[PDB]
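Engineer: Dropping the structure in here first, questions after.
Protein chains: 2
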Amino acid sequence: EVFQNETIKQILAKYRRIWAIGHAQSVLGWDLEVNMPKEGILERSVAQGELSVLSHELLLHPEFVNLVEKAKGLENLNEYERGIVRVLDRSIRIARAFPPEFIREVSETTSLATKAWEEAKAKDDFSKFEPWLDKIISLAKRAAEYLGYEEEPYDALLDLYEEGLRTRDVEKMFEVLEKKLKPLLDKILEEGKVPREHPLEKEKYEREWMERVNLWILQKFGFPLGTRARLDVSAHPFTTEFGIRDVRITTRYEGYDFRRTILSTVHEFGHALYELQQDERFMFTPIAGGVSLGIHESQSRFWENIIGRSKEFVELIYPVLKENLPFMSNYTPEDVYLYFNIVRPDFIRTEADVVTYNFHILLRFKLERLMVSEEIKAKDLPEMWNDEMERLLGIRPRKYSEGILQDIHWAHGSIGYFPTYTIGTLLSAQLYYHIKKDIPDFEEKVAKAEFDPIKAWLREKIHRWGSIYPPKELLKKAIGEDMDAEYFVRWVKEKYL
Amino acid sequence: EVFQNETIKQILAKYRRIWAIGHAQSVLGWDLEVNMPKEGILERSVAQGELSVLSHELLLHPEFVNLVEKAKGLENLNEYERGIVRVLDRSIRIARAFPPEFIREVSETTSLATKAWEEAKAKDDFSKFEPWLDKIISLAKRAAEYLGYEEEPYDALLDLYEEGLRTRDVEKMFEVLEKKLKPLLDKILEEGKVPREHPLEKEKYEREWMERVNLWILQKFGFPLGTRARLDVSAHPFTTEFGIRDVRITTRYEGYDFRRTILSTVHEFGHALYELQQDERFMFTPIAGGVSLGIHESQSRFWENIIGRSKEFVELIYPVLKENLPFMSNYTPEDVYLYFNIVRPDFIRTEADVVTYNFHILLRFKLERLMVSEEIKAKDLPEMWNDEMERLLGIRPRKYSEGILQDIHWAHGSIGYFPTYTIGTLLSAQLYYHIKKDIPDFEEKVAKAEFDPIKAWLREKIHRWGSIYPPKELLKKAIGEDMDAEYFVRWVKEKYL
Numbered sequence: 187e188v189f190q191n192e193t194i195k196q197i198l199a200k201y202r203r204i205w206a207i208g209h210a211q212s213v214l215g216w217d218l219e220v221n222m223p224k225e226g227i228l229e230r231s232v233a234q235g236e237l238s239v240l241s242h243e244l245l246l247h248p249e250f251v252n253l254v255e256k257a258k259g260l261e262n263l264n265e266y267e268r269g270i271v272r273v274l275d276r277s278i279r280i281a282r283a284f285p286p287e288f289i290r291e292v293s294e295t296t297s298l299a300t301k302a303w304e305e306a307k308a309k310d311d312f313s314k315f316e317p318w319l320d321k322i323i324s325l326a327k328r329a330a331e332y333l334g335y336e337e338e339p340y341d342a343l344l345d346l347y348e349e350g351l352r353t354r355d356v357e358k359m360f361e362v363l364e365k366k367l368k369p370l371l372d373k374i375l376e377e378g379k380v381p382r383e384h385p386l387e388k389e390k391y392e393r394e395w396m397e398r399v400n401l402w403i404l405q406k407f408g409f410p411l412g413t414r415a416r417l418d419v420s421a422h423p424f425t426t427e428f429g430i431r432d433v434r435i436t437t438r439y440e441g442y443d444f445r446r447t448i449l450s451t452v453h454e455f456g457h458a459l460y461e462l463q464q465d466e467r468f469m470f471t472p473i474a475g476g477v478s479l480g481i482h483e484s485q486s487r488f489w490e491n492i493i494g495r496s497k498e499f500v501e502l503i504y505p506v507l508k509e510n511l512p513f514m515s516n517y518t519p520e521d522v523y524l525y526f527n528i529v530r531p532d533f534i535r536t537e538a539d540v541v542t543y544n545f546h547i548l549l550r551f552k553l554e555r556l557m558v559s560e561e562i563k564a565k566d567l568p569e570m571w572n573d574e575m576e577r578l579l580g581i582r583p584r585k586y587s588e589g590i591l592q593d594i595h596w597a598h599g600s601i602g603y604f605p606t607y608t609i610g611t612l613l614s615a616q617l618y619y620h621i622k623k624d625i626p627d628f629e630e631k632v633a634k635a636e637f638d639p640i641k642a643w644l645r646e647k648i649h650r651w652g653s654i655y656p657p658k659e660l661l662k663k664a665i666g667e668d669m670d671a672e673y674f675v676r677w678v679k680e681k682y683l
Numbered sequence: 187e188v189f190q191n192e193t194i195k196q197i198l199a200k201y202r203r204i205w206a207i208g209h210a211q212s213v214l215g216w217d218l219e220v221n222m223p224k225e226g227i228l229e230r231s232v233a234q235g236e237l238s239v240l241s242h243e244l245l246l247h248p249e250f251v252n253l254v255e256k257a258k259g260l261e262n263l264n265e266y267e268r269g270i271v272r273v274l275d276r277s278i279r280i281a282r283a284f285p286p287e288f289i290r291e292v293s294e295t296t297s298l299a300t301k302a303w304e305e306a307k308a309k310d311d312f313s314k315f316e317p318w319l320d321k322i323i324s325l326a327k328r329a330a331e332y333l334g335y336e337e338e339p340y341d342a343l344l345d346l347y348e349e350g351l352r353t354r355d356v357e358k359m360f361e362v363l364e365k366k367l368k369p370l371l372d373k374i375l376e377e378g379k380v381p382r383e384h385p386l387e388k389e390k391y392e393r394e395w396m397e398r399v400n401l402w403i404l405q406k407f408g409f410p411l412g413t414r415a416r417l418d419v420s421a422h423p424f425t426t427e428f429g430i431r432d433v434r435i436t437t438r439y440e441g442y443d444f445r446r447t448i449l450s451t452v453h454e455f456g457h458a459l460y461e462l463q464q465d466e467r468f469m470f471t472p473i474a475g476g477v478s479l480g481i482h483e484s485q486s487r488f489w490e491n492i493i494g495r496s497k498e499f500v501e502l503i504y505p506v507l508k509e510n511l512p513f514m515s516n517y518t519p520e521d522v523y524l525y526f527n528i529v530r531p532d533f534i535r536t537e538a539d540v541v542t543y544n545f546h547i548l549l550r551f552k553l554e555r556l557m558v559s560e561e562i563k564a565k566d567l568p569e570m571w572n573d574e575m576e577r578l579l580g581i582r583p584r585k586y587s588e589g590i591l592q593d594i595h596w597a598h599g600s601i602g603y604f605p606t607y608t609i610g611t612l613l614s615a616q617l618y619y620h621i622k623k624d625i626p627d628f629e630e631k632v633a634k635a636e637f638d639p640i641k642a643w644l645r646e647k648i649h650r651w652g653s654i655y656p657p658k659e660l661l662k663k664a665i666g667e668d669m670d671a672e673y674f675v676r677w678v679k680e681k682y683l
């Protein structure tokens with residue numbers, strides 16, 4: 187029916203083995219974080235390693251690659267079948283762009299590099315990690331050559347984490363944020379409307395109190411708990427898809443600052459819904475699943491910030507908070523909303539509010555570009571970081587852990603990854619104004635917990651296409667236009683001005 | 187030091203891949219029963235199926251079997267290395283004894299027969315499963331021929347589930363039970379020093395109360411919770427080995443008859459300890475792990491019955507029962523002992539006490555042997571089944587559900603499996619008498635919760651050797667004698683007369 191070409195079918199049967207191995211990995215990883223007694227790590231680690239090598243092997247097997255090149259040349263394929271070919275053609279090209287010994291080198295350098303990152307952080311001493319960063323930079327440039335770019339070295343790595351993304355796209359979006367968000371940010375600070383801190387940040391809670399709250403929210407979102415999804419606790423919130431009918435999320439309960447576990451939970455719901463709403467006809471195939479990190483982030487941010495931080499959502503949840511949190515007797519829905527919408531320039535990215543958040547990513551983009559496209563030395567980075575930080579947020583890191591040693595990303599050799607976060611942020615606001623024209627009383631829906639029509643809109647515009655189309659093609663198909671940072675600027679204004 | 191020969195090294199390097207899939211399969215299996223949202227079943231299923239086809243493909247991969255064959259020719263291997271050859275050789279032989287087309291047929295009939303068995307049992311109508319039973323009887327005989335045997339066709343199937351076991355051995359242990367255990371049973375029954383029932387069977391409890399008791403006990407045994415083991419809930423209690431350093435067990439809380447959840451937990455702990463105490467130098471190798479179902483059963487029965495139902499255990503447990511179970515206010519520790527040692531002839535095997543238990547297995551042994559040996563029609567089994575019941579236990583099933591339609595085993599095609607349960611039961615008593623002359627104050631240690639020396643003895647004698655030696659050679663090594671049913675008879679006599 188959907189897949190009827192004889193070659194496409196042969197490709198799909200061979201792919202089921204690859205898919206299967208992926209299902210095992212997802213469970214292995216999920217379990218690692220959620221149930222695995224600590225000493226099970228070693229054996230768990232070797233099993234994952236072995237599986238990773240196996241799947242790569244299968245992906246590059248001459249029979250599988252050849253079948254794909256053959257289908258690539260067929261003229262009678264339907265759009266779904268063409269999706270399969272497109273997706274695999276790209277995975278195969280990336281999977282074989284790096285030589286086997288280069289992959290070996292990157293694996294070895296990064297492992298030591300991260301061990302050195304942890305050392306440098308524990309000693310608030312950058313010199314420990316410095317020499318290893320220079321070796322990562324060098325590898326990042328070799329990597330760019332391997333994938334090959336066609337404009338600028340940094341394009342190759344940007345494309346690696348967000349298919350089709352070019353340095354121009356990122357440059358332009360941030361160019362817009364510097365001319366409009368920045369002054370917008372400075373006015374909100376002096377303005378006053380929203381605070382830089384809130385006492386609710388300090389209120390304590392017992393685990394049980396907040397998990398009831400989280401469970402309440404998910405139920406109202408219509409999360410298929412026990413049926414097609416689960417909620418668990420782990421060290422770091424994430425989402426994992428075992429299948430279209432088995433998507434799991436996790437959150438953590440710090441024991442204070444309850445906004446954290448909520449928005450974190452809603453954030454993951456955003457990702458999970460994308461996977462839950464995949465076209466079941468695509469089950470077991472390469473076109474089922476979110477297309478990119480950028481698009482996935484647009485979904486998590488849509489739910490977390492476009493909805494999770496709105497007054498209607500706050501109003502919708504308020505009675506539940508009051509019902510489970512004793513200290514809530516002293517706070518009104520206005521308190522909570524202000525608490526949910528704190529704007530405050532600070533050092534830690536993961537701590538950043540939605541208005542200052544992107545500038546953190548903007549700084550990483552700037553440095554990363556210079557590192558891969560130019561010839562900078564690791565020793566000069568920490569100071570560049572602090573200058574950009576002061577220039578954008580008006581604060582200068584006083585400790586390495588407050589600046590360049592925040593994230594391990596560069597230590598994992600993950601260069602060109604960061605801008606995907608801003609992509610999610612901007613796209614969230616952009617989708618906001620688009621769903622708004624099909625659902626003008628969007629806010630009323632949130633207040634009344636009538637999320638079905640919102641979820642089905644996301645489903646028909648984004649989720650259902652899985653990976654049939656690359657990110658840019660997918661976005662134009664959903665809203666008829668390219669990504670544009672202007673929408674985010676409007677959202678912040680409308681939000682705080 | 188353990189693995190030195192080049193060929194064995196090559197065999198092990200390749201086996202890690204196979205080992206890795208088993209690790210994955212174990213996680214998928216465990217998760218399916220413990221956490222998986224019900225609708226995840228379809229995708230988990232094809233994932234498991236694809237993996238089994240994979241592991242089976244690697245076990246018979248040309249370059250692998252070849253190496254195993256070469257290793258089999260060598261003459262200077264040490265016991266550990268010879269063990270790797272023996273185990274792998276057995277697997278490979280069984281893996282290719284059946285033609286791919288005979289596996290389909292077997293798989294087709296099986297599910298079809300299991301489905302019919304399902305309804306036939308629900309409706310107490312044997313005629314619906316009868317024809318399927320005849321077909322299975324035919325597959326069993328055909329399996330036998332493919333596998334080979336020297337004495338009787340049944341040896342082939344018996345050896346299929348327990349390396350080295352032969353009809354002659356099973357018949358020998360059952361003759362002892364028929365001639366000595368039988369009159370002991372009748373004497374125990376006619377005397378009634380132990381009841382056929384106890385009010386503690388109807389007392390209700392809430393899961394929280396019993397999970398505490400279960401944990402307290404496991405803690406007392408020194409169960410490495412959070413470190414190298416876990417305890418969770420599932421439909422049927424079971425033990426799963428992810429790795430030497432990650433062994434998990436499950437139990438169920440019926441909600442009443444608290445003896446069930448306790449003995450179930452200890453039962454699985456018996457299996458867990460065995461795996462937990464494997465020689466870490468064998469990690470990732472075919473020689474790590476319990477050698478056979480039968481030996482594994484001896485370990486669960488050892489803790490469950492030898493320790494679990496002893497009076498020393500009841501005394502140790504008594505105070506924990508008094509504090510977590512309000513209804514215990516009306517019972518003395520004797521009551522608990524009596525409750526734990528109920529003896530009564532019943533129709534259902536899974537509910538049989540330790541004395542009448544082996545008789546349920548004995549009758550299945552008799553019918554299975556005649557089935558695979560002579561020309562029996564499925565239509566004659568029900569009545570043969572009931573006569574045995576009446577002969578051995580003095581009761582006769584009234585409905586098909588209370589008789590031959592009891593378990594799925596035959597529907598699934600598991601012929602030659604049942605006797606392993608008896609081996610486990612007999613072996614546990616044999617080890618009991620042996621551990622007592624090394625640890626004369628064995629009982630006193632149970633009462634005081636000093637299990638380390640007991641576990642250490644178990645480690646030195648059985649666990650440590652993994653699959654290095656076949657079941658029988660292993661026992662000869664550890665106990666200096668062969669499987670002898672006389673010990674169980676003695677144990678029952680010592681316990682109840």
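Chain order of the listed sequences is D and X.
Counting in the working numbering, the first sequence runs from 187 upward without gaps.
Counting in the working numbering, the second sequence runs from 187 upward without gaps.
By construction, the Cβ of each residue, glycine as well, lies at the ideal position given by its N, Cα and C atoms.
Please compile the residues from chain C whose C-beta is within a distance smaller than 8 Å of the C-beta of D217/X.
Structural biologist: Absence of chain C from the displayed structure is noted, the protein chains being D and X.
Engineer: In chain D, which residues lie with their C-beta within 8 Å of the C-beta of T413/X?
Structural biologist: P223, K224 and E225
Engineer: Would you say the region 232 to 240 of chain D touches the region 195 to 213 of chain X, given that touching needs at least three Cβ pairs under 8 Å?
Structural biologist: yes
Engineer: Run through the DSSP bridge pairs and tell me what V433/D is partnered with.
Structural biologist: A415/D and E427/D
Engineer: Could you tell me which residues DSSP puts in a beta bridge with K390/X?
Structural biologist: Answer is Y442/X, bridged to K390/X.
Engineer: Listing by chain order, which chain X residues have their CB less than 7 Å from the CB of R416/D?
Structural biologist: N221 and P223
Engineer: Looking at the unbroken alpha helix (DSSP H) that takes in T300/D, where does it start and where does it end?
Structural biologist: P286 to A308
Engineer: For the 8 Å Cβ check, are there 3 or more pairs between the region 657 to 677 of chain X and the region 515 to 532 of chain X?
Structural biologist: The region 657 to 677 of chain X makes no contact with the region 515 to 532 of chain X: fewer than 3 CB pairs, one atom from each, lie closer than 8 Å.
Engineer: Does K663/D come out as helix, strand or coil in the three-state DSSP assignment?
Structural biologist: It is helical.
Engineer: Could you check whether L367/X and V675/X sit closer than 8 Å to each other, using their CB atoms as the reference points?
Structural biologist: yes
Engineer: Quick check on DSSP: helix, strand or coil for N191/D?
Structural biologist: Here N191/D sits in coil by DSSP.
Engineer: Give me the chain D residues within the contact set of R203/X, using Cβ-Cβ distance strictly less than 7 Å, ordered along the chain.
Structural biologist: Those are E236 and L240, listed as they occur along chain D.
Engineer: I'd like the span of the alpha helix (DSSP H) that includes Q485/X, first residue to last.
Structural biologist: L479 to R487
Engineer: Please tell me whether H247/D has its Cβ less than 8 Å away from any Cβ of chain X.
Structural biologist: No, no contact with chain X.
Engineer: So, at 6 Å on beta carbons, what are the nonlocal neighbours of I323/X in its own chain, with the 5 sequence-adjacent residues on each side left out?
Structural biologist: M557
Engineer: Find the nearest neighbour of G494/D within the set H482/D, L244/D, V540/D and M469/D, judged by alpha-carbon distance.
Structural biologist: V540/D
Engineer: Within the continuous alpha helix (DSSP H) that includes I278/D, where are the two ends?
Structural biologist: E265 to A281
Engineer: For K497/X, which of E249/X, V632/X, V254/X and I448/X has the nearest alpha-carbon?
Structural biologist: Relative to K497/X, the option among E249/X, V632/X, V254/X and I448/X whose CA is nearest is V632/X.
Engineer: Spell out a yes or no on whether the region 365 to 384 of chain D and the region 515 to 524 of chain D are touching, meaning 3 or more CB-CB pairs, one atom from each, closer than 8 Å.
Structural biologist: yes
Engineer: My understanding is that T300/X touches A597/X, with C-beta atoms under 8 Å, so please give their C-beta distance in whole angstroms.
Structural biologist: Right, the Cβ-Cβ distance comes to about 4 Å (below 8 Å), so this counts as a contact.
Engineer: For the candidate residues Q592/X, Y682/X, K679/X and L613/X, whose alpha-carbon lies nearest to that of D311/X?
Structural biologist: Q592/X
Engineer: Whose C-alpha, out of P423/D, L411/D, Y442/D and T353/D, is nearest the C-alpha of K390/D?
Structural biologist: In terms of Cα proximity to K390/D, the closest of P423/D, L411/D, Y442/D and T353/D is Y442/D.
Engineer: Report the CB separation of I278/X from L245/X in whole angstroms; it is logged as a contact under 8 Å.
Structural biologist: 6 Å
Engineer: By how many angstroms is the C-alpha of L411/D removed from the C-alpha of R282/X?
Structural biologist: 43 Å
Engineer: At 7 Å on the CB atoms, spell out the chain X contacts of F409/D, in chain order.
Structural biologist: Chain X residues near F409/D: none, gap ~11 Å exceeds 7 Å.
Engineer: Measuring only between beta-carbons, confirm whether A233/D sits less than 8 Å from chain X.
Structural biologist: yes
Engineer: Compare the Cα-Cα distances from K623/D to each of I640/D, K195/D and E219/D and report the closest residue.
Structural biologist: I640/D
Engineer: Could you tell me whether the region 399 to 417 of chain D touches the region 430 to 439 of chain D, where touching means 3 or more Cβ pairs closer than 8 Å?
Structural biologist: yes
Engineer: Looking only at its own chain, which residues have a Cβ that is under 8 Å from the Cβ of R487/D, when we skip the five neighbours before and after it?
Structural biologist: Taken in chain order, the residues that qualify are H453, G456, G610, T611, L613 and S614.
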